[PDB]
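Single chain ahead, written as structure tokens, the form deposited in one PDB entry.
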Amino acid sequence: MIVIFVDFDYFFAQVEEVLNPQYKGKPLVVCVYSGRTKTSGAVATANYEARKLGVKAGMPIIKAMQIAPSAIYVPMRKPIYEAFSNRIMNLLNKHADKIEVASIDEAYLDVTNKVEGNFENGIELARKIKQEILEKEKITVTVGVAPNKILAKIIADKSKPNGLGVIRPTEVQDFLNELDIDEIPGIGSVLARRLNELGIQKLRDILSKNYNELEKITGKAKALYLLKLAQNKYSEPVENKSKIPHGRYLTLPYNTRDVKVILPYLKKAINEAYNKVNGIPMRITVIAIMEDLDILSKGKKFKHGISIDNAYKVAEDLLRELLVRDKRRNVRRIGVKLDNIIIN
């Protein structure tokens, strides 16, 4: 198992820098707004000059200006960032036996057969990938090379920005021993707080505690996952799937409960969603906003995926099922979501 994890450096801001080179070297902030009850905005991405002045993602925009008065504040343009992401993902495509797209800026590559099981050529490949993405798209990325997915990510994370993390087969055991508990994917701040207040600060501190004492705080799946990881037993493979969802939402001319009216609009959302997709989804979800604006949704999974034609029937049903769950209340806006896409 040779995994190369690729993560695009401050992606949205970096794209803005490429389109307008005048921002390069100046503090830049990409802003995301909301048209809900309040119209206020927040930080989506800050470049490193902004991050250096203390600007972080999710920071309310008002606050970011307090600490970065000198920064340039721009609106978010998803479609462009998506186009970039699309292009770069394709470049990676031809460098991997198997490729898993995790998000708009994160991919995992299995390169084991590519580099003939030789870990050194694997590192050489990562360097090539870095170099190519920079030359083709003028985007700098951070990569992580490791025997499994989770390590490959965890080391890239320690190597940002424009870095190249490497954990070799022989370094693994020590690395697990070395690892702080909160540094591990799946453990947010809240879980860490609770784990530290029970004597666990490092990954190897799990071994001494009994599985039941752990579960109580952890859950079920995480406990198991932690156990295997600490013992270096984790090795979930890289799959040919994209974790990025694609959806279309359409407003109705007026509020209704009538399927014959809603369907033509659902059918259109489905069409537009399937055009955005480059594979076969394994889940369809019908989302419906009611008069009082609250959300009602429901999906179905398909082991072997759903094709465009067969989605009309299923989506229709899901809609009826939503209308049987909420009787005597009209819809306003419908949408469909497609995820768990199988690639290639």
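One-based numbering along the sequence shown. Rigid core (definition): largest C-alpha set, two forms, superposition within 1.5 Å. Residues that one form lacks are left out of the comparison.
If you look for the form deposited in another entry, you will not find it shown, but the lines that follow are about it.
Engineer: Identify which of 273, 129, 143, 226 has its C-alpha displaced by 2 Å or more between the shown form and the other one once the rigid core is superposed.
Structural biologist: None of the others reach 2 Å, which leaves 273.
Engineer: After the core is matched up, is the C-alpha of residue 169 off by 2 Å or more between the shown form and the other one?
Structural biologist: False for residue 169: its C-alpha shift is below 2 Å.
Engineer: With both forms fitted on the core, check whether the Cα of residue 259 differs by 2 Å or more between the shown form and the other one.
Structural biologist: Shift at residue 259: 2 Å or more after core fit.
Engineer: Against the rigid core, is the Cα displacement of residue 305 between the shown form and the other one at least 2 Å?
Structural biologist: Residue 305: C-alpha displaced by 2 Å or more between the shown form and the other one.
Engineer: Against the shown form, C-alpha atoms of residue 85 and residue 280 in that other deposited form: closer or farther, for a change of 3 Å or more?
Structural biologist: The answer is farther, because the C-alphas of residue 85 and residue 280 separate from each other in that other deposited form by 3 Å or more.
Engineer: Which is it in that other deposited form for the CA atoms of residue 307 and residue 108, closer or farther than here, knowing they shift by 3 Å or more?
Structural biologist: Their C-alpha distance grows by at least 3 Å in that other deposited form.
Engineer: With the two forms aligned on the rigid core, where do runs of 3 or more residues move by 2 angstroms or more at the CA atoms between the shown form and the other one?
Structural biologist: Moving stretches, in sequence order: 33 to 40, 249 to 343.
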